[PDB]
Amino acid sequence: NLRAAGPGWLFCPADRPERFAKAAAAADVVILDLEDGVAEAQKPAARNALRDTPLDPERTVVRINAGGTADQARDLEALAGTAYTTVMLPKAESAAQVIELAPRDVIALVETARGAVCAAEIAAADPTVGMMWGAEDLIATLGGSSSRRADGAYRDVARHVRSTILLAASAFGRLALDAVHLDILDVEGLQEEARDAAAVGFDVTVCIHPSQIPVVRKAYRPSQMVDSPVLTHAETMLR
Amino acid sequence: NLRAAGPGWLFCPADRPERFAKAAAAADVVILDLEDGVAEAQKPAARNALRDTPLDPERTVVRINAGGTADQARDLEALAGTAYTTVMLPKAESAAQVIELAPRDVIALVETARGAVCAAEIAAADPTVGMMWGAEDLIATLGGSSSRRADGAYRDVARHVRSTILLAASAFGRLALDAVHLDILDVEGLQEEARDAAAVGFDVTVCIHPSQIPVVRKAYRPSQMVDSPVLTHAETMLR
Amino acid sequence: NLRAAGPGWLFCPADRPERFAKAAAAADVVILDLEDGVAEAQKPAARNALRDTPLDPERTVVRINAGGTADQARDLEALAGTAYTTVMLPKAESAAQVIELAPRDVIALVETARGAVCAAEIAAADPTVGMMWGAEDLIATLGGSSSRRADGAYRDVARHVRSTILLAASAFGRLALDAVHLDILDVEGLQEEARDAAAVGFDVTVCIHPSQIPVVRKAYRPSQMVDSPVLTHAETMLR
Ligand SMILES: [Mg+2]
Ligand SMILES: [Mg+2]
Ligand SMILES: [Mg+2]
């Protein structure tokens, strides 16, 4: 029941088992990371820590490696010796990549052009329980050099994919996860970004540092003709 | 021939037959509303006023209730005793929801994530003559709390759906209707918004108060290499 | 090998063979234009100049007329007496319009609502090697009057199509070409626009005047948690 946890999710590299307990205490949900947070040479060690140092599987997701990679095959073998049931799929690009992870629950991380183009098909796949987007791999794989303008605001193609993922998730009753704020010390920018995300109906802001969790939890709390939806807005604020 | 009427369309709750004549005098097209403008307990009375107090069916659309609801079934029964041929479908989410309203003409009001994801299929359905988007139900159904930033500008997912509906409508030769400006006294904001909508090729700005109609009509009137399209822009301004 | 040429592409009307040599010297790739750059009465003469005054076919694309037009049929006849292998298809609106140009390579120019709605299908068609978008025909065909706000920034539906084309191109490994800056003397605006385009991974900025080429080439050269994609950003900047 991931929708019952709060909006602050925290990545934690899985080759750092000494930090698992602190990550769990700081965040609503921990994403133990076998992908880009762990160096290729450290991924075997991270798979052992995954088995050796368990966290609450009701509050923990495992980010595996991308479809078709040898690393993902090793990840799923390691996961068999765990109680984790929900995985995050990076570079998610087709419904078939989600379906081959059945019977696990899948959070699809769309961070390439093909995943954006196919977001609705990815969201609709039966194992999907959530959609995330990743600004940095998105820009990297498009061939660009930055996800943000000088003032920290997302560039337009990033805004486009962000909206795409929010709509695709909501169309199929999935959780919607907003992209990470890489500038850890930029609390002001994270504050505005998470408030923006909460305002349009994102369920989660994913973080890469535990200091970001209090900012996210606070942002997801609120500070002319009135129709029925505007009353729903007011009710959403109270909840 | 709704494309021949001006750009100022006005919602009027159908349980207010005393206001029908004033709505018709104020607006280019009246949308008699059986959905969110009328309280659930008042919808039977509104269906009687629909039959009892007719407006010009060439300049009047009836907003019915959403597909699958008992209310929509009662609405279509009431409409059989009228000369209205065009209905507005709220929470429009599939081509099938449009097709089941044949042989009526349908303006699909997309105001949910699923309708945005399926906008092209909805626009392409044979009964469709127009696409509208609804910012407030959109944000409400996504789980968010406001469609606009502090300065009154739409949030990004709203801008995304607005463009989606304009493109889907135009791709299939349909009318494009822009969302309502709920802040009635915010004439400055409506002025900018309707000018923006007219500039990109929206056909209609829908209003919720008759004072908004003169602002919309005025906004839809106009105040380096030149290629063939730039001359079309100039010709569009003159027309 | 169009990806090996630089980012500065230049339209040159094909009824101006006296300017072909200067266009080739100024630009990375020349788009010899049989469509909107040439008046209808001048198109036969332009087809003769196409045969009579050749440019390097490895650095030259021919913009033909739109699918289904008598002009496109005459264009393809003229092209048979040339060594050009790559054409640009204006008002590109379906995969079928691309496929009927086989065995030529095709740069699809999306500049209508239907082409935006079908961009992924157009990009995926086997002859496609590139996607471009055209702001001015886009707004013209939507029924609007300007692609840009007062400050020169694109209106939202233009930003939407721009992102659509970048994502559709990148999803299928195609070149991504950004729209032309019609205000030739607005060097500052072109500078910002091409920098923006290069930053998100556009491959080409198309120009309509040779003075714009140096601005584009310079713009496509570059002036907190670090993950693998941010290192790819840094590597992209160095390249
Ligand atoms: Mg990533
Ligand atoms: Mg509504
Ligand atoms: Mg054009």
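One-based numbering, in listed order, for ligands and for the atoms of each. Letters A, B, ... are given to chains in the order of the sequence lines, protein chains preceding strands, and every chain is numbered from 1.
Annotation: the span from C:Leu175 atom CG to C:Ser170 atom OG amounts to 9.5 Å, rounded to 0.5 Å. Summarising the geometry, atom NE2 belonging to C:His181 is positioned 6.0 Å from atom CG belonging to C:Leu190; distances are rounded to the nearest 0.5 Å.
Side-chain atoms of A:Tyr154 and A:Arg148 include a donor-acceptor pair closer than 3.5 Å. Remark: the B:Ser146 side chain and the B:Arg155 side chain contain an N/O donor-acceptor pair separated by less than 3.5 Å. Side chains of C:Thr112 and C:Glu93: a donor on one and an acceptor on the other come within 3.5 Å.
Screening A:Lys43, A:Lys91, A:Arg63 for a salt bridge (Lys or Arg N to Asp or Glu O under 4.0 Å) involving A:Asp36 leaves a single residue, A:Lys91.
Inspection of the environment of the Mg ion (ligand 3) yields the following protein N, O or S atoms under 2.8 Å: C:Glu111 OE1, C:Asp137 OD2.
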